[PDB]
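A.B. asks:
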Ligand SMILES: CCc1c(-c2csc(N3CCN(Cc4cn(CC(N)=O)nn4)CC3)n2)[nH]c(C)c1C(C)=O
């Protein structure tokens, strides 16, 4: 299970999941709702996957956790136009995360 040294990561993820711009990223990108995603995006990532991985002890380091958070936003800007609703949400959430991360590093 999760080492207590990563509790601050657990809290950042909780706060991201609560954010009103987080809705595109709560669960894996869903083939029932969009086609051609994994055709382009070789490493999908979403907050639920991160939440379960963190809780079961699947992250060793905060940097590994942060890399997955940035992967969410990088995938978003790869697939989505910047002025689309999801594309804008990714930019908001990247700002939100980088701000929380800077409080610690
Ligand atoms: C656009 C796909 C995408 C999502 C995403 C997550 S979730 C979601 N969608 C939720 C369901 N809606 C329709 C709908 C509305 N309602 C409520 C009602 N009042 O009916 N129910 N279904 C359509 C879009 N898209 N995330 C990412 C990162 C994406 C991409 C391409 O990168």
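In the deposited numbering, the protein residues as written are 1794 to 1898.
Positions of the beta carbon are idealized from the N, C-alpha and C atoms, including for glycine.
Does DSSP classify residue 1897 as helix, strand or coil?
C.D. replies: DSSP places residue 1897 in coil when its eight states are reduced to three.
A.B. asks: Measure the Cβ-Cβ separation of residue 1879 and residue 1817 and say whether it is below 8 Å.
C.D. replies: Yes. Within cutoff.
A.B. asks: If you draw a straight line from the alpha carbon of residue 1806 to that of residue 1798, how long is it in whole angstroms?
C.D. replies: Rounded to whole angstroms, residue 1806 to residue 1798 spans 15 Å at the Cα level.
A.B. asks: Any heavy atom of ligand 1 closer than 7 Å to the Cβ of residue 1802?
C.D. replies: No, Cβ of residue 1802 sits at least 7 Å from all heavy atoms of ligand 1.
A.B. asks: Alpha carbon to alpha carbon, how far is residue 1811 from residue 1866?
C.D. replies: Roughly 16 Å between the two C-alpha positions.
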